[PDB]
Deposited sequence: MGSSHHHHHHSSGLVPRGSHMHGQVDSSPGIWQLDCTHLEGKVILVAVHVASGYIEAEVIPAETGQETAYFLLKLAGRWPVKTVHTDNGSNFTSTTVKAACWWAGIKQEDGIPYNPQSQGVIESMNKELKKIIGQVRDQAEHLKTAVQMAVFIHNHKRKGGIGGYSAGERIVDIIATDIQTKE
């Protein structure tokens, strides 16, 4: 549980927002990319795994699950790559709710930033600090595990 992350891909302004959610805490990292490719996903996962102890990733779709580049990154970083099938159906709705929430925050900050990527990082900040906070929960969870 402390090492479980879920990938999530959402769209805004003709661009793609790639999100990793730490399932147990709701803590997120996110980036804007031109389109979701195996290459982009692989690089994103490498970044994530260097920063937090990522044991398992539930991939966001079958293309990323199949991607040899994503598989290479998961091998390199010691990540167990799994499907993201919502066997528990309240998963769908929670990811949906998070995308809606993130887009709302992005709209609330959008005019403070020239570029979407900046607004997305502002949204990450607000989400992870919002009150415990998600940032507090992830640290506590991992510390307890260690």
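In this entry, the deposited residues absent from the coordinate set span 1-27, 159-164, 180-183.
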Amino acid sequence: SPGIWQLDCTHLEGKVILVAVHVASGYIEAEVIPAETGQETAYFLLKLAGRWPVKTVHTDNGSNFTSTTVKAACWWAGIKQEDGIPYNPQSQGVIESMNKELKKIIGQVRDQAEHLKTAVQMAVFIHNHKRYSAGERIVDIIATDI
From here on, numbers count along this sequence of modelled residues.
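By rigid core we mean the largest C-alpha set that fits within 1.5 Å across both forms.
The rigid core fit leaves 59-67 as the farther-lying stretch in 4 other deposited structures of this protein, judged by Cα positions and set against 28-36 and 59-67. Greater C-alpha displacement in 4 other deposited structures of this protein (rigid core superposition, RMS over structures and residues), of 73-81 versus 37-45: 73-81. Coordinates for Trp52 are present in every one of the other compared entries of this protein that model residues on both sides of it, well short of the third needed to count it as often missing. Across the other compared structures of the same protein with both neighbouring residues present, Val109 carries coordinates in every case, with no third of them leaving it out. As listed in the deposited structure, the average C-alpha B-factor of 46-54 and of 33-41 is greater for 33-41. Once the C-alpha B-factors are averaged per stretch, 95-103 and 57-65 rank with 95-103 first. Taking only the listed residues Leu18, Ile138, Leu12, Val21, the entry reports the highest CA temperature factor at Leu12. For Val120, the recorded CA B-factor ranks within the lowest third of the chain. Only modelled residues enter the ranking. Sort the chain's modelled residues by C-alpha temperature factor and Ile79 lands in the middle third, per the entry.
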